[PDB]
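Have a look below at one chain only, the form deposited in one PDB entry, in C-alpha cells format.
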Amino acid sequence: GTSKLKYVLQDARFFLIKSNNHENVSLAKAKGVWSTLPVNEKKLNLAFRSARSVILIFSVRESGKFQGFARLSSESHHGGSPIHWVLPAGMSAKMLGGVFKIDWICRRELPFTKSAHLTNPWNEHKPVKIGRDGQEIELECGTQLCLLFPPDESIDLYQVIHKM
C-alpha cells in the first residue's frame, strides 16, 4: 500500500535533481550515493538537518521522465572512495566531491506527461518537471508528485522509517 510511503513523506522537503546522463542515476541506484555541485551541496546539507526527510526526485536531462526518488540518509562526506561519475563538459571530479548517502524509495520511472497537473510554487508555479538542478519543490506539490510514481514493490520502507 501507500501508508508507509505517506509516513516517510510527512513534513519532508523535496528537491529536483537533474542529471546530465543516465549512467550517474544508474550508479546512484546501485550504490546509494549522490553528488552535486557545491551550491546545491550546501543547500542539501542545510535541509538535511532541518527536516525529518529530505527527498531527491531525479530526472535525466532530455529523458522526458523522472527516474525515481530517494531520501537523504546523511550529509555530504569526502574521502570515502572515488565514485566513477560520468562527467560532462566542464564538470570535474572536485566539483562532484562531497558524497551523500541515499535510500531509494522508488526506482521506477514517471513520465512528465503524468505530472502536468502539478505546479511548483517555489518555481513561479511552472510545471514541476521544470527546474534547475537543486530546485526546491514545495511540500504539497512534492508529496503529490511522489505519490504519482508506480509503487516499487522491491523496496521495504520499514528500514527507511527507522532511520528517521
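The numbering used is simple: start at 1 and walk along the sequence shown. Rigid core (definition): largest C-alpha set, two forms, superposition within 1.5 Å.
Below, we refer to the form deposited in another entry, which is not included among the displayed structures.
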{"item": "Listed options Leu139, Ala116, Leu37, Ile130; Cα moving by 2 angstroms or more between this form and the one not shown (core superposition)", "value": "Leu37"}
{"item": "After fitting the core, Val86 CA displacement of 2 Å or more between this form and the one not shown", "value": "no"}
{"item": "Rigid core fit then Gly64 CA moved by 2 Å or more between this form and the one not shown", "value": "no"}
{"item": "Core-aligned C-alpha movement of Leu96 between this form and the one not shown, 2 Å or more", "value": "yes"}
{"item": "Cα-Cα trend for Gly79 and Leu72, given that in the other entry the distance shifts by 3 Å or more", "value": "closer"}
{"item": "Cα separation of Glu124 and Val39 in the other entry versus here, shift of 3 Å or more", "value": "farther"}
